[PDB]
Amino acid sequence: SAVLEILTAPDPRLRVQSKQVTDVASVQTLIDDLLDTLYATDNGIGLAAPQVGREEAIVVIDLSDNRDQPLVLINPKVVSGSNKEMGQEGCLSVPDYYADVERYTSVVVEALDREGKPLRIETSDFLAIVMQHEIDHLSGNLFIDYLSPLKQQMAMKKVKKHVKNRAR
């Protein structure tokens, strides 16, 4: 068990390549901690383990209004995608910066659910975008990596200020 902190850029732990999970029983506590941490944010809808400094390939998502529809993805991978479009994204690890990012709008993701059983999600919903964002975190990528150098400097400046001025 752990108290998890959401890390913010620039922090090299956000750039680590995640490790595949080979012992699903061993990550149940982390999954519940990740869910609690996501549910403690005002606005977050997903969270990836590298964002709390853990190297396991684990993502949690909850798109629901009441936050009672948790989705847990272990070892997720995009196995098909098509129909790229631009859409605004923000990130708990790049707080207070938002920009349009290109993603597939139809995707199939394969993973294990939290009990270790095979999971295959086929979606053209906003969930497709959210899964791609979270899966990017597992390869140490942030959405600002797709932007121009000027926009990346703009983002880092905004993050630094938001983090410095955050209230307790």
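Residue indices: 1-based, along the sequence shown.
Set 64-72 against 27-35 and average the Cα temperature factors; 64-72 ends up higher.
As the entry records it, the average C-alpha temperature factor is higher for 39-47, out of 39-47 and 117-125. In the PDB entry, a CA B factor belonging to the lowest third of its chain's modelled residues is recorded for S80. Annotation for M154: CA B-factor lies in the highest third of the chain's modelled residues. Annotation for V21: CA B-factor lies in the lowest third of the chain's modelled residues.
In this PDB entry, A57 carries a Cα temperature factor that places it within the lowest third of its chain's modelled residues. When the CA B factors of the chain's modelled residues are split into thirds, the value for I135 lands in the lowest one.
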